[PDB]
Protein chains: 2
Amino acid sequence: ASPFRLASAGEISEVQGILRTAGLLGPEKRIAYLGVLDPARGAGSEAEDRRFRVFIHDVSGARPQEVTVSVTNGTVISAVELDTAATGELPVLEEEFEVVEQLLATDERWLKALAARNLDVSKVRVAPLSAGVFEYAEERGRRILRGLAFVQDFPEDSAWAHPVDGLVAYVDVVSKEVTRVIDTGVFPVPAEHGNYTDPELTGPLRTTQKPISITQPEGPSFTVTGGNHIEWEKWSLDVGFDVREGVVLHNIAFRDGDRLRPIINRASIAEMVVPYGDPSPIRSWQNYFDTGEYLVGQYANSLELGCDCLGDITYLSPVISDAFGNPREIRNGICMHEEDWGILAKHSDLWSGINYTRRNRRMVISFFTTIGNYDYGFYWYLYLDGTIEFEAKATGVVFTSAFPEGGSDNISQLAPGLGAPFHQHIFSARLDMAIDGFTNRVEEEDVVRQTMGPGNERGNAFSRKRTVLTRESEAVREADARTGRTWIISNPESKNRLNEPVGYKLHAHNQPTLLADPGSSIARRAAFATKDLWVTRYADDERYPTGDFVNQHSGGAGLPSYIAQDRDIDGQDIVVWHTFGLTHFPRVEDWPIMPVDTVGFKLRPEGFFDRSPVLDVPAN
Amino acid sequence: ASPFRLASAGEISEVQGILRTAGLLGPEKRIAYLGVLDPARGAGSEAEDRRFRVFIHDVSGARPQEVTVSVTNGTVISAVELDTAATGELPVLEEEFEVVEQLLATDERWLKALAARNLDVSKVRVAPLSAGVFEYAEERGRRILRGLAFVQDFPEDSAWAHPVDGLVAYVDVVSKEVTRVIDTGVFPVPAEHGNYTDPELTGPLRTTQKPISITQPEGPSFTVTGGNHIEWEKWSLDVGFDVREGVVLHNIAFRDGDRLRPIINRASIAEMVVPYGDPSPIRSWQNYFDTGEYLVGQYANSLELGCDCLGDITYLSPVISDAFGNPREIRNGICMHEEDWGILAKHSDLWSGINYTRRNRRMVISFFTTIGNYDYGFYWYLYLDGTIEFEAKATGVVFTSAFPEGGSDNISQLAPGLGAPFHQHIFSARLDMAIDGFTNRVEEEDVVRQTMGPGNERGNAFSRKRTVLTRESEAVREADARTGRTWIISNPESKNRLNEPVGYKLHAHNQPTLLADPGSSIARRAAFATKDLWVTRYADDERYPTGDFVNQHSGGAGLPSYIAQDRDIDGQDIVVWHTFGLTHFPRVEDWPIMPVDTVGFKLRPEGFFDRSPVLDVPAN
Ligand SMILES: [Cu+2]
Ligand SMILES: [Cu+2]
């Protein structure tokens, strides 16, 4: 019944009928994206109208089309032919992951390049990599993919251990032809294998690890209704899933006494880019928008109990569309469970003689995706004390290259002759705020040091200052760890018992933002990544910080365009976009398969409640 | 057996006996500090020589003394009379905690101040607060404690809810004299109670929390030998305990193949200070060095199973000395256990068809202490991948004051008329490094952005630079989050298989450091807290960043003095001192009992291993 329920296989099937029927799904068509649109602002909109947005591709060459369909009425709301050169190409299709290798196979320039290196074409894997936008005017309006080669000695071999440097190719997936092949020279192909399941490399497996059993004899403390509505320790939300964004949280609210109080209307990772900092022409064009270009949701893994998610786990198997419009279920793609989180509050009082201790817990909603060599875990956490947190876990196999003789200032050595180009993993969390309602404002809070003198004779005083962001033109902020800079989202119309506007404080990890030169193509296409925080006025069509069609888009799209409307955000329906990421200088320890590293952010209540919201937790 | 074993009851009793025989522990004497000393560098000794250091206070007013005894040989190694006005007073005695209230109870000035506020003296508790060093000439050379009042309505009432602002008294705890009583005017004493166990405030307790059972069927994976020697998943270390520093980690090493490789010789929290930022004369002198002045270890709580420490826990019960030299055991004062830590590594490869997933775990060594209103948990973690991490958890009841009628720039309002002065909790981690041995050096590593142009035509390049700190004079460093600054400790004489010096990288949280004006008393007394990292050359007598005697001691000792020696630290036995802390602007959510907030740091291997050290970890 809920307008926020997950998409059912039946809804996907219907969309499919509409399209084909309207002559939109011919054998030359392929669904590049399909997802359900969220309900529109306003409760008066009684009786929901389930609508789905779709991006249609064409293997022949016909212009792609953005189509919106209504499943509640089985009709086509709109259908627009797209001029990709203007608004960007459609997301990469999984069925294209092989085309790059299959095309270069019959190309003489490539075969010549392989022959010179003595490499068997049957053993050469080619990664399907986003092209970006550079000095190649020919690529304008064309659907291109570049290819870097890796050698796979046998079917179970890890090709990443054998990168073929000094060589790169560009290909047109639609016209099925190789536009260019570049060979800057021969580099030795790293010989050592990186097969982490090979007893010769792993050595004798440990027998020292004793089991750790996590169980809930009485079942979980959270209830799941309507298929995806979660209720846990006063929290209330809907777990959604999009093929592009992945897990999306809707209507996060907290039951404070006798009232459900909203906090965040929608939270998601709206984009994630991996820019590389190797100036070599072979990879200098390398920037992967795992979310915008590849769609991380479609590659979500099926999580195995006891291996991926331990304890009492409640799963969700989201359904998505395949390239032809058929519904495909992602079995156990979302894990939901609660876990112990140490001490919550504790005090042994010297005067009252009372000794008090309480345990903390966190609700976990997660998924794990795979994009080529990378694997990312996306985790959302809800704590007893009202804290909301997001954590990304990066693992997988590092993208490799050859390690230059004489060293490198932009590549690190992992093994003999094997290198790993420096790069970053930058995320954008889109937080459609709703602190006690939609009337919100953001304030930048800095710690303020004070000078010794009148009114501060001992020079011990320190304070803080808050600056309201009133217009979008002044809502692009940078971090300042030195002054403990944070951002508070409050509701000027809703006050706590102390007559202070209720709010939530966003705590960033303050990691470095986009490092590329300001005039680079990536600085333009991933402008959101150059600043830590953006605040915009909510708009139904502003979904991603990079725009709807990221692939091969010239730039300036997304946030830079939105912010240009310079709209009022002081006590309005606003959205916070927080940029955060990891800057990776690969270590030897990252090879052959890297240990998880993490990054994220959290928001804690700031005068939201009238006192601690966990005084009613039992001693257990 | 091991020279790093915990002190035994017998050893403490022997120290007492030795001191008595030497005529240094008469009935007027009191032990303010007593701890075992670490063995001297190099096997300069044939057998073991357990030495203990003691600070002897004299209640009759005689000069205190610092003594070192060899319990092994039953001798006094050194004994020196202390001139406290010059080198500092001894740490506060637990037996002096009640003296402040008792003395003021019959003081005419104090009684008059209480009468003006219609407060019954029998219900007024007085907190025994360290005095620091300010403009009161008569305090120099005298053992002084300052007192702030809080009303307790009944035996089990939380006094912190009823602060008596506008009043402070100074007391000489030795001569039993009230030196000063300052009354700046009456303030309304907050009326609301802060009793978090009162049903009227907590409301009906939750019945929604289902149990989480954490057990280990075959017992833990770690072993304990020699009472405190731990061996877990290739890690090796000795867990010590000191009444001042609390838990101290000794000889942290990792078994890499057949060789036991040291990483850190000694790790501890060498100091922790709580500076307040309220310019009111009633609290502007407040700076609590919980470690240096109060000795946090002395107040470690006895941890209840399934409450403070969940799962299969192994406890250590350290023994310390009481005021008379008699051994006192802190039952179950240290918890040790291993806990699951999600995914360690994961990758689903598109070309090999191999799906790989491995889980992480961490060894936990912790204790929890209480000092007045505060309660802190100190946690050390050891991960499978080689990471070492420290985490401090701050909870308890916030220190209160009245909330001024017209608001305040240095105090937050928690309840009607109840305020909480701004303050910081700043820690100092002393890491006596030994990366693959004692020949170490520290480099400061910053990310380096590059300009678009020749050699970087696309402007995507980014690098990093490392600056070796060669002399102590150039080793006082500050954080730079924006540039991703970290510090690497390496061994220039020990290289990995790629011919690179092995090392570990310190990742700080980059929280604000000491905010006080540089000319303040606290800025000199806690000079260490003004900078994020300090590197010194090892010395037996350089143990605390604030020196041996912090109580009522001005500047003149500690890191600033040690650094003046400007010793060579480029490939020598060095010590890293990392400053990190929380800047607390109390929220309403922090009242009546505050939820845990955290801060810490970690060190990850950086080319220490020749490849991932967790390839030998089994499936489950
Ligand atoms: Cu990376
Ligand atoms: Cu605090």
Side-chain angles (χ1 to χ4, degrees), chain A residues 15 18-20 22-35 37 51-69 76-96 99 128-146 170-177 179-180 243-244 270-271 273 285 287-289 291-295 321 323 325 521-522 524-528 539-565:
Chain A
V15 175
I18 310 296
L19 303 185
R20 56 171 50 168
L24 299 180
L25 252 48
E28 71 277 53
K29 302 297 179 178
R30 299 294 185 286
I31 296 182
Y33 168 83
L34 179 157
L37 296 171
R51 297 185 176 187
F52 286 65
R53 187 179 177 188
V54 191
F55 297 164
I56 312 296
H57 178 59
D58 182 297
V59 304
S60 164
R63 273 184 164 186
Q65 298 179 298
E66 189 193 315
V67 182
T68 295
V69 309
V76 174
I77 292 68
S78 66
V80 183
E81 197 175 61
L82 302 170
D83 183 347
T84 67
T87 49
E89 300 293 318
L90 294 184
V92 179
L93 298 169
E94 185 194 305
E95 67 176 65
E96 286 168 347
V99 305
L129 312 172
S130 62
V133 181
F134 295 81
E135 80 275 45
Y136 312 97
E138 50 170 354
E139 313 181 315
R140 165 285 311 165
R142 304 182 69 174
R143 187 178 177 68
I144 303 302
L145 279 188
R146 306 190 194 294
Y170 310 157
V171 306
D172 190 311
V173 295
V174 293
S175 73
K176 292 200 168 185
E177 64 185 3
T179 59
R180 290 181 55 54
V243 60
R244 177 167 179 168
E271 186 58 271
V273 62
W285 52 269
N287 296 291
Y288 305 125
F289 293 71
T291 293
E293 302 178 311
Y294 297 89
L295 307 187
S321 172
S521 175
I522 184 63
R524 300 195 206 81
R525 295 173 64 229
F528 77 95
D540 291 63
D541 64 312
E542 313 191 334
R543 315 157 186 293
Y544 320 103
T546 41
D548 299 310
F549 307 102
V550 187
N551 191 10
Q552 286 174 283
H553 190 295
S554 59
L559 288 183
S561 284
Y562 312 152
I563 286 296
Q565 301 173 77

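Each chain gets a letter, A, B and so on, in the order the sequences are listed, and its residues count up from 1.
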With sequence neighbours left out, what residues match A:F55 under ring-ring contact (aromatic ring centres under 6.0 Å, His included)?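 A:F55 satisfies ring-ring contact (aromatic ring centres under 6.0 Å, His included) with A:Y33, A:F549 once adjacent residues are dropped.
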In chain order, what residues pass the ring-ring contact (aromatic ring centres under 6.0 Å, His included) check against A:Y544, with sequence neighbours excluded?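 Partners of A:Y544 by the ring-ring contact (aromatic ring centres under 6.0 Å, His included) criterion come out as none, since no residue qualifies.
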How would you list, by chain and number, every residue that makes a salt bridge (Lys or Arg N to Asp or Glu O under 4.0 Å) with [X], sequence neighbours excluded?
| X | result |
| --- | --- |
| A:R146 | A:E139 |
| A:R51 | A:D49 |
| A:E293 | A:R525 |

Looking only at non-hydrogen atoms, find the nearest pair between [X] and [Y] and report the distance.
| X | Y | answer |
| --- | --- | --- |
| A:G61 | A:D58 | N-OD1, 2.7 Å |
| A:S554 | A:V133 | N-CG2, 4.0 Å |
| A:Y288 | A:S130 | CD2-OG, 3.2 Å |
| A:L34 | A:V243 | O-CG1, 3.4 Å |
| A:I31 | A:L93 | O-CD2, 3.7 Å |
| A:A22 | A:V76 | CB-CG2, 4.3 Å |

To the nearest 0.5 angstrom, please state how far the [atom1] atom of [X] sits from the [atom2] atom of [Y].
| X | Y | atom1 | atom2 | result |
| --- | --- | --- | --- | --- |
| A:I144 | A:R180 | CD1 | CZ | 12.0 Å |
| A:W285 | A:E135 | CH2 | CD | 12.5 Å |
| A:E66 | A:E81 | CD | CD | 13.0 Å |

Sequence neighbours left out, what passes side chain to side chain contact (heavy atoms under 4.5 Å, CB included) with [X]? Give chain and number order.
| X | answer |
| --- | --- |
| A:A557 | A:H553 |
| A:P545 | A:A270, A:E271, A:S428, A:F528, A:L559, A:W577 |
| A:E177 | A:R142, A:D172, A:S175 |
| A:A323 | A:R30, A:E95 |

Suppose the criterion is salt bridge (charged side-chain N to carboxylate O under 4.0 Å, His left out): which pairs have a residue in residues 83-93 of chain A, not counting sequence neighbours?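 As it turns out, the salt bridge (charged side-chain N to carboxylate O under 4.0 Å, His left out) pairs with a partner in residues 83-93 of chain A, which skip direct neighbours, are A:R63-A:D83.
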Which residues satisfy the side chain to side chain donor-acceptor pair (under 3.5 Å) test with A:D540, sequence neighbours excluded?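 A:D540 satisfies side chain to side chain donor-acceptor pair (under 3.5 Å) with A:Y538 only.
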Please identify each residue that fulfils side chain to side chain donor-acceptor pair (under 3.5 Å) with A:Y170, with sequence neighbours left out.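 A:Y170 satisfies side chain to side chain donor-acceptor pair (under 3.5 Å) with A:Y136 only.
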Test side chain to side chain contact (heavy atoms under 4.5 Å, CB included) applied to A:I522 and A:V273, step by step: CA-CA 10 Å; A:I522 184 63; A:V273 62; 4.2 Å; yes
With side chain to side chain contact (heavy atoms under 4.5 Å, CB included) as the criterion, how do A:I56 and A:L25 come out once you've worked through the C-alpha distance, each side chain's angles and the decisive distance to 0.1 Å? CA-CA 8 Å; A:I56 312 296; A:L25 252 48; 4.0 Å; yes
Checking A:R143 side chain against A:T84 main chain: does a donor-acceptor pair fall under 3.5 Å?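 Not at all, since once roles are kept as given, no pair shorter than 3.5 Å links the two residues.
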Let's go through A:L90 and A:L82 carefully: what are the C-alpha distance in whole Å and the side-chain angles of both, what is the deciding distance for side chain to side chain contact (heavy atoms under 4.5 Å, CB included) to 0.1 Å, and is it a yes or a no? CA-CA 9 Å; A:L90 294 184; A:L82 302 170; 4.1 Å; yes
CA sep, side-chain torsions, deciding dist, call: A:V171, A:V99, side chain to side chain contact (heavy atoms under 4.5 Å, CB included): CA-CA 9 Å; A:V171 306; A:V99 305; 5.7 Å; no
Is the shortest side-chain heavy-atom distance between A:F52 and A:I77 below 4.5 Å?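 In short, these two side chains do not touch, never coming nearer than 4.5 Å.
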